[PDB]
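First comes one chain, alone, set out as structure tokens in the form deposited in one PDB entry.
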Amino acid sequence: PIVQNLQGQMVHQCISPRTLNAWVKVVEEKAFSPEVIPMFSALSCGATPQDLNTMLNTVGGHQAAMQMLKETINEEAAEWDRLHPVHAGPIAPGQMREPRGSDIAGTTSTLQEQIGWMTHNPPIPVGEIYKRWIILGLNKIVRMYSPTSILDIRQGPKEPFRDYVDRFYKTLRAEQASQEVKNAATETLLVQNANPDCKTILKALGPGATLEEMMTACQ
């Protein structure tokens, strides 16, 4: 990654063993559960494109997912190239060349070039650009691997309401419902899919009930 030292200049540091191991293990333990994404983003704070490739490449399973991710990355790279075409022909001696999609994705750029872009004034933030493409890809994967439709999350006759809501919102997160929909579901699908007893209590609370109020009601 690129970090500020204790004196305030932006320099390259090696990715740490603790970072490498954290990411491998989270993938091992959680696969593409949705909370893996924010972990990825945090573990790659300051990453160069080289670093981002390192983290993805150190993953041993999930190779169907990694191939899908490559496809997504190529799509975004191709759109970058449409928006930001680069000059063919030789570089001005000693000067910074402009990055193409494949330079952002780290496949045609050197570590030195990446550093040069990211520490330019002002920065050409190739690490952040590539990270956004990667996350775009990873979210598609999360959605793909989500095993259950929200329509099939229904409260069991003996299932505590709390346990049911946990299942409901865990499913909506993986299915990647917007926050509008997450904020709205509380007045609709969450009640409809509740068991008869709690459905009756919830119906009676009336509209505009907070989730806290609904959960208290069905305790």
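All residue numbers are counted from 1 along the displayed sequence. Each form is matched to the other, and the largest set of C-alpha atoms that superpose within 1.5 Å is called the rigid core.
Although not depicted, the form deposited with a small molecule bound is the subject of the following passage.
- Proximity of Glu98 to the small molecule in the deposited complex: non-hydrogen atoms within 4.5 Å are absent; the residue sits far from the partner.
- In the deposited complex, the small molecule sits within 4.5 Å of a heavy atom of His84.
- Proximity of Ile115 to the small molecule in the deposited complex falls outside the 4.5 Å heavy atom cutoff.
- The closest heavy atom approach of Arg143 to the small molecule in the deposited complex falls outside 4.5 Å.
- Comparing the two forms between the shown form and the other one on the rigid core, the single residue of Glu28, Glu35, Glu187, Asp163 with a CA shift of 2 Å or greater is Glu187.
- Shown in the overlay between the shown form and the other one, fitted on the rigid core, is a CA shift at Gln67 smaller than 2 Å.
- Once the cores line up, the CA of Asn57 ends up less than 2 angstroms apart between the shown form and the other one.
- Annotation: Cα of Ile150 displaced by less than 2 Å between the shown form and the other one, core superposition.
- In the deposited complex, the CA atoms of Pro34 and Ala177 come closer by at least 3 angstroms compared with the shown structure.
- Panel note: the distance between the CA atoms of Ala185 and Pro160 is larger in the deposited complex than in this form, the difference being 3 Å or more.
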